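This report refers to the structure that appears directly beneath it.
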Amino acid sequence: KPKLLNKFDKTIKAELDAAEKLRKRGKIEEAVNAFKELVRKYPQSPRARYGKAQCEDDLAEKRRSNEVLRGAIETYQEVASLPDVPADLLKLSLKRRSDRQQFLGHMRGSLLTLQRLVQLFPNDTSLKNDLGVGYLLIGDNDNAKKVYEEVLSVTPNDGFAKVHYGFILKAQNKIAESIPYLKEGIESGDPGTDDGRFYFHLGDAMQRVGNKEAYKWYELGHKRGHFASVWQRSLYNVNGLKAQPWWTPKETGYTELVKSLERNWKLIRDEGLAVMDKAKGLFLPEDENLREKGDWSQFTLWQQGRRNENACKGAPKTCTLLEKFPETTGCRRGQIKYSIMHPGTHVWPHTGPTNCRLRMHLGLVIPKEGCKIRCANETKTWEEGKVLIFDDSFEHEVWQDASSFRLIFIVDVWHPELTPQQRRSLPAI
Amino acid sequence: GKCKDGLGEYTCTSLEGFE
Ligand SMILES: O=C(O)CCC(=O)C(=O)O
Ligand SMILES: [Fe+3]
Ligand SMILES: [K+]
Ligand code: NA
């Protein structure tokens, strides 16, 4: 269906097809030398150059080599420098470049490729949509929002643009504005709209505005396979792990860790209070838009299984104690952090990103009334020197209506059923 | 940005190529 042969390439079509047939059969090494001779004998053939780049792509896949793939990326670009390149071939080659550049983590490089595509094909709406994705991946929501606005100005009912526009609005706390975009986008059925991210935030946005129909979108996200359950809505999951809102120390197996926290809880408290009094700046405000109201800060010692050395200078005894427990210092999908919360604070119902961690809370300073945490349909209270354990991949919520501050210690551990091989291989979150 | 407590980012992992 795609036209990939310019006038000259049609005159060597049998040579080109013979080389491609070698590649489709999996004879990658013979297809590499086939297209190499084609590139040597016809250095201006776009189809021969695309064949070279495609063989390198399969060779990188076969060898799991980033460097080989990097050679493919450059060759994909060489196709676009050749003269008399068909438009279909020009798009395929450069789109695959951005795709492989993202797979390697070269977000700034994919960005340039995507910009060249929009310039070379200013009437392709999908290429503008892909440019917005490149921005969303690098962290540039401002340029991502302008892109989808330009898309919506021309094609206002493009569903892909609507869900991404809605996602950007929600992330910017424009809750009410984002609902009609996330809803119309998902309902459009356009390619790219059936994504758990859009179901997740559409139901959360509706929850924040008191829209009772929020769970209808959680239910449909479960039916479409994006959520393990209507309650447990994490999106970076290992399937099969025991789903349970609340956990007991013995259920987790980390009883040695729980005893150490509950035996030495006062030293952990004291170092926290000491930071509160003489190093307030180490406590950083929560910055994921999880608060309806109030004040909430976190002092993080371990993140992504990495220890912050300067943070541990503020709690050296606590960091010394925790280093004996790799099930938490090595949880690259969790943290170790003090969490302080003051009266007048309500944390929105939310869920964490992954089901691969369990979350421990050690009570350090707990006022006698006004503090409580709900996970799923069960609500509990903290206690000074005791450890609660819950799966934050379930929906959870917190209120702080005391008359003084409430300080706890948050300790994430790998899900107990995760094998050591999985704990080493899972990408960090 | 990183997804520490929620799912607010478009992507929560960092791409590092092949494994
Ligand atoms: O109560 C706190 O300090 C934080 C509550 C929460 O949402 C969590 O620990 O996941
Ligand atoms: Fe939480
Ligand atoms: K503070
Ligand atoms: Na030539």
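We label chains A, B, ... in the order they appear in the structure tokens, count residues from 1 in each chain, and number ligands from 1 in the order shown.
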
Residues of chain A near chain B: apply a cut-off of 6 Å, count only C-alpha atoms, and supply the list as a PDB file with C-alpha atoms, in the first residue's frame.
```
ATOM      1  CA  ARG A  64      19.813  -6.150  22.644  1.00  0.00           C
ATOM      2  CA  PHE A 103      13.121   3.838  23.428  1.00  0.00           C
ATOM      3  CA  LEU A 104      16.734   4.775  24.164  1.00  0.00           C
ATOM      4  CA  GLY A 105      15.725   7.736  26.338  1.00  0.00           C
ATOM      5  CA  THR A 351      -3.520   5.721  44.623  1.00  0.00           C
ATOM      6  CA  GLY A 352       0.200   5.257  44.097  1.00  0.00           C
ATOM      7  CA  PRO A 353       1.851   4.249  40.843  1.00  0.00           C
ATOM      8  CA  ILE A 429       9.618   4.367  39.995  1.00  0.00           C
TER       9      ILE A 429
END
```

Near-residue A:230 list (10 Å; only C-alpha atoms; drop same-chain fewer than 2 positions) as a ChimeraX atom specification = /A:215-223,226-228,232-233,376,394-395

Let me see the file: selected residues, N, CA, C and O atoms, as a PDB file, in the first residue's frame.
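Once everything was written out, this is part_39.pdb:
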```pdb
ATOM      1  N   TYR A 215     -16.999   6.400  39.641  1.00  0.00           N
ATOM      2  CA  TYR A 215     -16.707   4.973  39.672  1.00  0.00           C
ATOM      3  C   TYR A 215     -17.174   4.255  38.412  1.00  0.00           C
ATOM      4  O   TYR A 215     -16.668   3.168  38.110  1.00  0.00           O
ATOM      5  N   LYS A 216     -18.110   4.842  37.659  1.00  0.00           N
ATOM      6  CA  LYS A 216     -18.476   4.266  36.372  1.00  0.00           C
ATOM      7  C   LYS A 216     -17.283   4.232  35.431  1.00  0.00           C
ATOM      8  O   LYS A 216     -17.155   3.310  34.618  1.00  0.00           O
ATOM      9  N   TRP A 217     -16.393   5.216  35.534  1.00  0.00           N
ATOM     10  CA  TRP A 217     -15.192   5.192  34.712  1.00  0.00           C
ATOM     11  C   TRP A 217     -14.126   4.284  35.303  1.00  0.00           C
ATOM     12  O   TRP A 217     -13.361   3.667  34.552  1.00  0.00           O
ATOM     13  N   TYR A 218     -14.070   4.176  36.631  1.00  0.00           N
ATOM     14  CA  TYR A 218     -13.202   3.175  37.241  1.00  0.00           C
ATOM     15  C   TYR A 218     -13.649   1.767  36.864  1.00  0.00           C
ATOM     16  O   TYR A 218     -12.816   0.899  36.571  1.00  0.00           O
ATOM     17  N   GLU A 219     -14.964   1.522  36.850  1.00  0.00           N
ATOM     18  CA  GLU A 219     -15.467   0.204  36.472  1.00  0.00           C
ATOM     19  C   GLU A 219     -15.106  -0.134  35.031  1.00  0.00           C
ATOM     20  O   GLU A 219     -14.683  -1.258  34.737  1.00  0.00           O
ATOM     21  N   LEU A 220     -15.265   0.828  34.116  1.00  0.00           N
ATOM     22  CA  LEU A 220     -14.976   0.559  32.712  1.00  0.00           C
ATOM     23  C   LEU A 220     -13.479   0.442  32.465  1.00  0.00           C
ATOM     24  O   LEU A 220     -13.057  -0.294  31.566  1.00  0.00           O
ATOM     25  N   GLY A 221     -12.662   1.152  33.248  1.00  0.00           N
ATOM     26  CA  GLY A 221     -11.225   0.961  33.162  1.00  0.00           C
ATOM     27  C   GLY A 221     -10.798  -0.420  33.615  1.00  0.00           C
ATOM     28  O   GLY A 221      -9.822  -0.973  33.098  1.00  0.00           O
ATOM     29  N   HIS A 222     -11.514  -0.992  34.584  1.00  0.00           N
ATOM     30  CA  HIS A 222     -11.278  -2.380  34.967  1.00  0.00           C
ATOM     31  C   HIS A 222     -11.689  -3.331  33.848  1.00  0.00           C
ATOM     32  O   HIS A 222     -10.933  -4.242  33.486  1.00  0.00           O
ATOM     33  N   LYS A 223     -12.887  -3.134  33.286  1.00  0.00           N
ATOM     34  CA  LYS A 223     -13.352  -3.995  32.202  1.00  0.00           C
ATOM     35  C   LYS A 223     -12.372  -3.991  31.036  1.00  0.00           C
ATOM     36  O   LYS A 223     -12.085  -5.043  30.453  1.00  0.00           O
ATOM     37  N   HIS A 226      -7.233  -1.986  32.276  1.00  0.00           N
ATOM     38  CA  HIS A 226      -6.242  -1.033  32.752  1.00  0.00           C
ATOM     39  C   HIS A 226      -6.050  -1.072  34.261  1.00  0.00           C
ATOM     40  O   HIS A 226      -4.993  -0.650  34.744  1.00  0.00           O
ATOM     41  N   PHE A 227      -7.034  -1.564  35.011  1.00  0.00           N
ATOM     42  CA  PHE A 227      -6.974  -1.625  36.466  1.00  0.00           C
ATOM     43  C   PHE A 227      -7.174  -3.059  36.933  1.00  0.00           C
ATOM     44  O   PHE A 227      -7.971  -3.807  36.356  1.00  0.00           O
ATOM     45  N   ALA A 228      -6.445  -3.440  37.986  1.00  0.00           N
ATOM     46  CA  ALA A 228      -6.650  -4.755  38.584  1.00  0.00           C
ATOM     47  C   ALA A 228      -8.009  -4.853  39.264  1.00  0.00           C
ATOM     48  O   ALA A 228      -8.626  -5.924  39.272  1.00  0.00           O
ATOM     49  N   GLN A 232      -8.013  -0.844  43.370  1.00  0.00           N
ATOM     50  CA  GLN A 232      -6.563  -0.839  43.169  1.00  0.00           C
ATOM     51  C   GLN A 232      -6.278  -0.416  41.732  1.00  0.00           C
ATOM     52  O   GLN A 232      -6.409  -1.215  40.798  1.00  0.00           O
ATOM     53  N   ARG A 233      -5.866   0.841  41.549  1.00  0.00           N
ATOM     54  CA  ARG A 233      -5.775   1.432  40.219  1.00  0.00           C
ATOM     55  C   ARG A 233      -4.352   1.838  39.839  1.00  0.00           C
ATOM     56  O   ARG A 233      -4.169   2.701  38.977  1.00  0.00           O
ATOM     57  N   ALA A 376      -9.076   1.805  50.956  1.00  0.00           N
ATOM     58  CA  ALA A 376     -10.248   1.111  50.413  1.00  0.00           C
ATOM     59  C   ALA A 376     -11.445   1.467  51.287  1.00  0.00           C
ATOM     60  O   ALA A 376     -11.719   2.666  51.464  1.00  0.00           O
ATOM     61  N   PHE A 394      -3.997   0.688  46.414  1.00  0.00           N
ATOM     62  CA  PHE A 394      -5.421   0.884  46.618  1.00  0.00           C
ATOM     63  C   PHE A 394      -5.705   2.361  46.878  1.00  0.00           C
ATOM     64  O   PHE A 394      -4.810   3.143  47.209  1.00  0.00           O
ATOM     65  N   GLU A 395      -6.969   2.743  46.716  1.00  0.00           N
ATOM     66  CA  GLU A 395      -7.364   4.121  46.987  1.00  0.00           C
ATOM     67  C   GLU A 395      -7.277   4.402  48.484  1.00  0.00           C
ATOM     68  O   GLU A 395      -7.846   3.668  49.299  1.00  0.00           O
TER      69      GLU A 395
END
```

Selection within 12 Å of ligand 3 by only C-alpha atoms and all ligand atoms, output as a PyMOL selection string | chain A and resi 272-286+295-299+338-342+404-407

Pick out each residue of stretch 13-254 of chain A that DSSP on the backbone tags as helix (DSSP H, G or I); I need them as an MDAnalysis selection string.
-> chainID A and resid 13:24 28:41 46:63 66:81 87:104 107:120 125:138 141:154 159:171 175:188 196:208 214:223 249:252

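Here atom CA of residue A:367 stands at a distance of 25.1 Å from atom CA of residue A:289.
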
Once you count only C-alpha atoms and all ligand atoms, what closest atom pair and distance in Å to one decimal does each residue of chain A within 7 Å of ligand 1 have, with rows by chain and rising residue number, as JSON lines?
```
{"residue": "A:339", "atom": "CA", "partner": "ligand 1", "partner_atom_place_in_ligand_line": "3 (O)", "distance": 4.7}
{"residue": "A:340", "atom": "CA", "partner": "ligand 1", "partner_atom_place_in_ligand_line": "3 (O)", "distance": 6.1}
{"residue": "A:341", "atom": "CA", "partner": "ligand 1", "partner_atom_place_in_ligand_line": "3 (O)", "distance": 6.3}
{"residue": "A:347", "atom": "CA", "partner": "ligand 1", "partner_atom_place_in_ligand_line": "7 (O)", "distance": 6.8}
{"residue": "A:359", "atom": "CA", "partner": "ligand 1", "partner_atom_place_in_ligand_line": "9 (O)", "distance": 6.8}
{"residue": "A:373", "atom": "CA", "partner": "ligand 1", "partner_atom_place_in_ligand_line": "1 (O)", "distance": 6.8}
{"residue": "A:392", "atom": "CA", "partner": "ligand 1", "partner_atom_place_in_ligand_line": "10 (O)", "distance": 5.5}
{"residue": "A:396", "atom": "CA", "partner": "ligand 1", "partner_atom_place_in_ligand_line": "7 (O)", "distance": 6.3}
{"residue": "A:397", "atom": "CA", "partner": "ligand 1", "partner_atom_place_in_ligand_line": "7 (O)", "distance": 6.1}
{"residue": "A:398", "atom": "CA", "partner": "ligand 1", "partner_atom_place_in_ligand_line": "1 (O)", "distance": 5.8}
{"residue": "A:408", "atom": "CA", "partner": "ligand 1", "partner_atom_place_in_ligand_line": "3 (O)", "distance": 6.4}
{"residue": "A:410", "atom": "CA", "partner": "ligand 1", "partner_atom_place_in_ligand_line": "9 (O)", "distance": 6.6}
```

Could you list, as a PDB file with N, CA and C atoms, in the first residue's frame, all the residues within 10 Å of ligand 4, counting only C-alpha atoms and all ligand atoms?
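Below is the file part-v1.pdb, written as the result:
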```pdb
ATOM      1  N   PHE A   8      14.224   5.874  -9.777  1.00  0.00           N
ATOM      2  CA  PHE A   8      15.385   4.998  -9.900  1.00  0.00           C
ATOM      3  C   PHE A   8      15.180   3.688  -9.149  1.00  0.00           C
ATOM      4  N   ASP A   9      14.639   3.756  -7.931  1.00  0.00           N
ATOM      5  CA  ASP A   9      14.463   2.544  -7.135  1.00  0.00           C
ATOM      6  C   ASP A   9      13.572   1.535  -7.845  1.00  0.00           C
ATOM      7  N   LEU A  38      23.780  -2.785  -1.948  1.00  0.00           N
ATOM      8  CA  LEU A  38      22.858  -1.859  -2.595  1.00  0.00           C
ATOM      9  C   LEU A  38      23.209  -0.411  -2.266  1.00  0.00           C
ATOM     10  N   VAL A  39      23.584  -0.137  -1.015  1.00  0.00           N
ATOM     11  CA  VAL A  39      23.968   1.223  -0.644  1.00  0.00           C
ATOM     12  C   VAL A  39      25.297   1.596  -1.288  1.00  0.00           C
ATOM     13  N   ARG A  40      26.224   0.646  -1.382  1.00  0.00           N
ATOM     14  CA  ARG A  40      27.485   0.940  -2.053  1.00  0.00           C
ATOM     15  C   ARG A  40      27.264   1.191  -3.539  1.00  0.00           C
ATOM     16  N   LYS A  41      26.488   0.326  -4.192  1.00  0.00           N
ATOM     17  CA  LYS A  41      26.288   0.446  -5.632  1.00  0.00           C
ATOM     18  C   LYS A  41      25.308   1.561  -5.985  1.00  0.00           C
ATOM     19  N   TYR A  42      24.354   1.859  -5.106  1.00  0.00           N
ATOM     20  CA  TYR A  42      23.394   2.943  -5.314  1.00  0.00           C
ATOM     21  C   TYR A  42      23.356   3.792  -4.052  1.00  0.00           C
ATOM     22  N   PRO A  43      24.354   4.660  -3.857  1.00  0.00           N
ATOM     23  CA  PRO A  43      24.424   5.441  -2.611  1.00  0.00           C
ATOM     24  C   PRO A  43      23.317   6.469  -2.460  1.00  0.00           C
ATOM     25  N   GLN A  44      22.476   6.662  -3.471  1.00  0.00           N
ATOM     26  CA  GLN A  44      21.392   7.632  -3.404  1.00  0.00           C
ATOM     27  C   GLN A  44      20.021   6.975  -3.342  1.00  0.00           C
ATOM     28  N   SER A  45      19.966   5.653  -3.235  1.00  0.00           N
ATOM     29  CA  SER A  45      18.687   4.959  -3.169  1.00  0.00           C
ATOM     30  C   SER A  45      18.076   5.120  -1.784  1.00  0.00           C
ATOM     31  N   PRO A  46      16.915   5.772  -1.656  1.00  0.00           N
ATOM     32  CA  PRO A  46      16.273   5.827  -0.332  1.00  0.00           C
ATOM     33  C   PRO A  46      15.822   4.459   0.153  1.00  0.00           C
ATOM     34  N   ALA A  48      17.155   1.505  -0.488  1.00  0.00           N
ATOM     35  CA  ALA A  48      18.308   0.746  -0.017  1.00  0.00           C
ATOM     36  C   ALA A  48      18.776   1.256   1.337  1.00  0.00           C
ATOM     37  N   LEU A  82      18.680  11.954   1.506  1.00  0.00           N
ATOM     38  CA  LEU A  82      18.775  11.544   0.124  1.00  0.00           C
ATOM     39  C   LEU A  82      17.817  12.367  -0.735  1.00  0.00           C
ATOM     40  N   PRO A  83      18.106  12.489  -2.025  1.00  0.00           N
ATOM     41  CA  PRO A  83      17.214  13.221  -2.925  1.00  0.00           C
ATOM     42  C   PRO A  83      16.085  12.345  -3.457  1.00  0.00           C
TER      43      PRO A  83
END
```

Shell around stretch 168-178 of chain A at 12 Å using only C-alpha atoms, local window under 5 positions removed, as number ranges by chain = A: 132-133, 135-136, 139-149, 161-163, 183-185, 197-198, 200-211, 287-292; B: 1, 6-10

Exercise: residue A:257 partners within 9 Å, only C-alpha atoms, chain neighbours under 4 positions left out, as a PyMOL selection string | chain A and resi 249+261-262+322+324-325+327-328

What's the 9 Å shell around residue A:188, counting only C-alpha atoms, without same-chain residues fewer than 5 positions away, as a VMD selection string?
-> chain A and resid 157 to 160 183 193

Take the residues just selected and output them with N, CA and C atoms as an mmCIF file, in the first residue's frame.
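Below is the file result_16.cif, written as the result:
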```
data_model
loop_
_atom_site.group_PDB
_atom_site.id
_atom_site.type_symbol
_atom_site.label_atom_id
_atom_site.label_comp_id
_atom_site.auth_asym_id
_atom_site.auth_seq_id
_atom_site.Cartn_x
_atom_site.Cartn_y
_atom_site.Cartn_z
ATOM 1 N N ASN A 157 -12.454 17.927 17.137
ATOM 2 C CA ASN A 157 -12.973 16.666 17.648
ATOM 3 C C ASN A 157 -11.958 15.533 17.574
ATOM 4 N N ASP A 158 -10.691 15.844 17.309
ATOM 5 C CA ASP A 158 -9.639 14.841 17.391
ATOM 6 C C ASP A 158 -9.572 14.294 18.811
ATOM 7 N N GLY A 159 -9.930 13.019 18.979
ATOM 8 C CA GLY A 159 -10.013 12.452 20.316
ATOM 9 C C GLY A 159 -8.666 12.341 21.002
ATOM 10 N N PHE A 160 -7.628 11.956 20.251
ATOM 11 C CA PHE A 160 -6.292 11.851 20.831
ATOM 12 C C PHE A 160 -5.862 13.177 21.445
ATOM 13 N N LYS A 183 -13.396 12.943 29.023
ATOM 14 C CA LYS A 183 -14.571 12.117 28.762
ATOM 15 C C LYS A 183 -14.829 11.992 27.264
ATOM 16 N N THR A 193 -6.603 6.686 22.753
ATOM 17 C CA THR A 193 -7.435 7.160 23.852
ATOM 18 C C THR A 193 -7.733 6.084 24.884
#
```

Surrounding residues of stretch 93-96 of chain A excluding itself and chain neighbours under 6 positions, 7 Å, only C-alpha atoms, as a PDB file with C-alpha atoms, in the first residue's frame:
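Writing done, so here's part18.pdb:
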```
ATOM      1  CA  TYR A  50      15.833   2.388   4.542  1.00  0.00           C
ATOM      2  CA  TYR A  76      17.014   6.434   9.370  1.00  0.00           C
ATOM      3  CA  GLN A  77      18.013  10.099   9.191  1.00  0.00           C
ATOM      4  CA  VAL A  79      17.118   8.373   4.257  1.00  0.00           C
ATOM      5  CA  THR A 113      12.822  14.522  14.786  1.00  0.00           C
TER       6      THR A 113
END
```

Please measure the separation of atom CA of residue A:81 and atom CA of residue A:122, giving the value in Å to one decimal.
-> 18.7 Å

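For the atom pair formed by atom CA of residue A:354 and atom CA of residue A:260, the distance is 25.9 Å, given to one decimal.
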
With only C-alpha atoms as the basis for distance, which of A:187, A:58, A:383, A:195 is at the shortest distance from residue A:265?
-> A:383

Backbone-only DSSP, strand (DSSP E) members of stretch 257-425 of chain A, as JSON, numbers by chain = {"A": [284, 285, 291, 292, 293, 296, 297, 298, 299, 300, 301, 302, 303, 306, 307, 335, 336, 337, 338, 339, 340, 341, 345, 346, 347, 348, 349, 350, 357, 358, 359, 360, 361, 362, 363, 364, 365, 371, 372, 373, 374, 375, 378, 379, 380, 387, 388, 389, 390, 396, 397, 398, 399, 400, 406, 407, 408, 409, 410, 411, 412, 413, 414]}

Resulting file, chosen residues, C-alpha atoms, as a CSV table (one decimal), in the first residue's frame:
```
chain,number,residue,atom,x,y,z
A,284,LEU,CA,9.7,19.8,51.4
A,285,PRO,CA,6.1,20.4,50.6
A,291,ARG,CA,-4.1,18.1,48.9
A,292,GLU,CA,-7.5,19.6,48.9
A,293,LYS,CA,-6.2,21.9,51.7
A,296,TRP,CA,2.1,18.6,54.4
A,297,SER,CA,5.8,18.2,53.9
A,298,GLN,CA,8.2,15.2,53.5
A,299,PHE,CA,11.8,14.7,54.6
A,300,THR,CA,13.1,12.0,52.3
A,301,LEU,CA,16.1,9.7,53.2
A,302,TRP,CA,15.8,7.0,50.5
A,303,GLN,CA,14.2,7.4,47.0
A,306,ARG,CA,19.1,5.4,46.6
A,307,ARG,CA,20.2,7.0,49.8
A,335,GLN,CA,10.8,5.7,49.6
A,336,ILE,CA,11.9,6.2,53.2
A,337,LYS,CA,10.8,9.6,54.5
A,338,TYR,CA,9.4,11.6,57.4
A,339,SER,CA,6.0,12.9,56.7
A,340,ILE,CA,4.6,15.8,58.7
A,341,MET,CA,1.0,17.0,58.4
A,345,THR,CA,-5.2,19.1,55.9
A,346,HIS,CA,-7.2,16.7,53.8
A,347,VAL,CA,-5.4,14.5,51.3
A,348,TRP,CA,-7.5,13.7,48.3
A,349,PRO,CA,-8.4,10.1,47.6
A,350,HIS,CA,-5.6,8.8,45.5
A,357,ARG,CA,5.6,-1.9,47.1
A,358,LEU,CA,3.9,-2.0,50.5
A,359,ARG,CA,3.8,1.1,52.6
A,360,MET,CA,4.7,1.1,56.4
A,361,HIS,CA,3.7,4.0,58.7
A,362,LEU,CA,5.5,4.4,62.1
A,363,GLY,CA,3.8,6.7,64.5
A,364,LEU,CA,6.2,9.4,65.8
A,365,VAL,CA,4.0,12.2,67.1
A,371,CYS,CA,-6.0,12.0,62.6
A,372,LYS,CA,-7.1,9.0,60.5
A,373,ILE,CA,-6.3,7.3,57.3
A,374,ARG,CA,-8.7,5.3,55.0
A,375,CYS,CA,-7.5,2.6,52.6
A,378,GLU,CA,-11.5,0.5,56.0
A,379,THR,CA,-10.3,3.4,58.1
A,380,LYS,CA,-7.7,3.3,60.9
A,387,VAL,CA,3.6,0.3,62.6
A,388,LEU,CA,0.6,0.3,60.2
A,389,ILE,CA,1.0,-1.4,56.8
A,390,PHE,CA,-1.2,-0.8,53.8
A,396,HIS,CA,-6.4,5.8,50.2
A,397,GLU,CA,-7.3,9.1,52.0
A,398,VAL,CA,-6.1,11.1,55.0
A,399,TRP,CA,-7.5,13.8,57.2
A,400,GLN,CA,-5.7,15.9,59.8
A,406,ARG,CA,1.2,14.8,63.3
A,407,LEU,CA,4.6,13.3,62.4
A,408,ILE,CA,5.0,9.7,61.1
A,409,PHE,CA,7.8,7.7,59.4
A,410,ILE,CA,7.0,6.2,56.0
A,411,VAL,CA,8.9,3.0,55.1
A,412,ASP,CA,8.3,1.3,51.7
A,413,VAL,CA,9.2,-2.3,51.2
A,414,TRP,CA,9.1,-4.6,48.1
```
